[PDB]
Structures are given as C-alpha cells and as structure tokens.
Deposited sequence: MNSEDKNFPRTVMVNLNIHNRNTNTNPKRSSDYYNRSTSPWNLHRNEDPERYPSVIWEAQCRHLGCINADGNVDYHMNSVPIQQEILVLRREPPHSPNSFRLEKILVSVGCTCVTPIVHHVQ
C-alpha cells in the first residue's frame, strides 16, 4: 500500500425544490474541522410514510433516505492545513419512497 501523493489546487474556477416530493426531506449540516469539506449537509426524511395525492401521509409506504458512498479529505497528519488523505464516507443525498 504505497502512498500516492498528489498536488491539488483547492481554488475552484468554474431539497426545497424537491419539496413537492412524496418523500420530502430536510438538510442537516455536519461539521468536522479535520475534514474537507468541513460542512456536509445530510438529507433527513421529514416523514415515516409517503405523501399521497390527497395531501396526508400514507404510512403503508416508507420514506427512506438515499445513502451513497462518496470521498472526503481527511487531515493526515491531524490538524494539517495542507496535507490530506482522501477517505470513503457514507452520506444521505436524498430521500425516496419505497414499498414494504
């Protein structure tokens, strides 16, 4: 497992819209100073069931979050403002309605 060190220039140079969803969700920020990005919003489902056409909640269905695996930069060594090792974390990118 030889380390593949790489230079990266951090200078980039380039849920409320899905509120009509049957399985709506909110955004919860995740702060971690020893990580890039430091702030990660995570999708928290608003209901246990799914909202039907009428408007009320149907609990025969389940509003589950969509958990995906992405990469984040972990400070190696700790508290290093210029040295990172990328790590594989699990986050919720949204919600979807599923059947039992």
{"property": "Deposited-sequence stretches lacking C-alpha coordinates, listed in sequence order", "result": "1-6, 21-30, 117-122"}
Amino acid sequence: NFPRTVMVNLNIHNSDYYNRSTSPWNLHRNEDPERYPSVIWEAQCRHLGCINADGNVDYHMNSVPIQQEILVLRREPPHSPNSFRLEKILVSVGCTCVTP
From here on, numbers count along this sequence of modelled residues.
query: 75-83 versus 20-28 - which carries the larger mean C-alpha B factor in the record; finding: 75-83
query: Selected stretch [higher average CA B-factor]: 29-37 or 43-51; finding: 29-37
